[PDB]
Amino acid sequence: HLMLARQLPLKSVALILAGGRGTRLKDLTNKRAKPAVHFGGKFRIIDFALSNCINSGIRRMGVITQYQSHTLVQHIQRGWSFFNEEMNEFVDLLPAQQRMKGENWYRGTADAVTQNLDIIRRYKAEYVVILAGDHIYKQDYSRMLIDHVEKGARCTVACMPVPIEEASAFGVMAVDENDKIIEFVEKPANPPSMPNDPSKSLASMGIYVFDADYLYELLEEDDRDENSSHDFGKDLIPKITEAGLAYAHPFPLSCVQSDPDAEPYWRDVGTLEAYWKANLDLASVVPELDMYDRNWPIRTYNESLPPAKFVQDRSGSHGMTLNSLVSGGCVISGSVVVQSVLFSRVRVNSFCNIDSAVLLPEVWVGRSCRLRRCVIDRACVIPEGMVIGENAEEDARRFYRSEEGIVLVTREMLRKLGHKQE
């Protein structure tokens, strides 16, 4: 009658690291934090980490923000503020400030947790689950908690093989036959390859399980360390590995997926192309990421919208759709929409051709537009007859064009070109 599998999440608290400032998504995060980035027609990226907590039995969450992110706070307020504190459940907004240890010496990810240590101790959790709020994945944290307790570990790090050519952006580790971490290097310019596979490196997913009291001591010591950068990957994980108290958790043990024969899904959405790719996956016939799984639902802000409306064009002609998502509030006049994802309240006027495009909420596409392989940002007013995705040189002049050929259009770019955004 052992109940440990059910008791561990109740004794745990999840801490979601929700963003230090960055700019790898370019203008896409100019006016919004990365965890607040739109995804899947109706979600924001942070919804996945939070929904993973709820579905894993962890109903106490702390979302740590490193600056005043308006749209992230509003999203938490409107879609993640339904809890009753008397039932041992909450979503706390924990403000961190970016602190410097020197003129150009930044304090790290661990410092954001250290600043809020007084509030976190009062949670009286036995286990602390540290999460990155800017990744898209489904994982059962209760299974990782079970693995963490079974191994007698003080710190357990979720791990996953990644292509070695992209491993320099990750913490890379080496483990023994017991999944105990033997070596750990943070963002190596020369990433060690996995034994028996030089094409891959064993990478850290930024997902940790901690003994609570051990984490408090470690942060107290780290805060007083004059040599530390106060970063989980750069400072804390190597130190725990050296003490022999750190273990690895292979992601397939806890990744939640409908098709058991498939590869484990995990997207860090680092580049504009990866973001564009991850959204369009949901529009394909067989998406890699299953969002119709009632057994692991993703919670978000339930926006009240009119049903998607399709009307004849100015010539009275019908519209055509091929492998596309049309969110609520959209109004499409004829046109051709193919391999695309349209967020809420998107207006597509007559005689349009939209192919492999991601249109964020409130986008207004004027008459006779052709958009290909692009991302149209919030509330853009595309002027009539505009063509995007057909002339590489012209696209790069007007907007942002990635090396792979993916175009990003914002209100500021269009206004710069003389197209009114009212």
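Numbering starts at 1 and follows the sequence shown.
Stretches compared: 48 to 56, 388 to 396. Higher mean C-alpha B-factor in the entry: 388 to 396. For the pair 194 to 202 and 85 to 93, the mean B factor over Cα atoms is greater in 194 to 202. Out of 133, 297, 188, 307, it is 188 whose C-alpha atom has the highest B-factor in the PDB entry.
Across 281, 165, 211, 140, the entry's maximum B-factor at the CA atom is seen for 165. In the PDB entry, a CA B factor belonging to the middle third of its chain's modelled residues is recorded for residue 407. Sort the chain's modelled residues by C-alpha temperature factor and residue 234 lands in the middle third, per the entry. Ranked by C-alpha B-factor against the other modelled residues of its chain, residue 33 falls in the middle third. When the modelled residues of the chain are ordered by their C-alpha B factor, residue 326 lands in the lowest third. Among the modelled residues of the chain, residue 256 sits in the middle third by CA temperature factor in this PDB entry.
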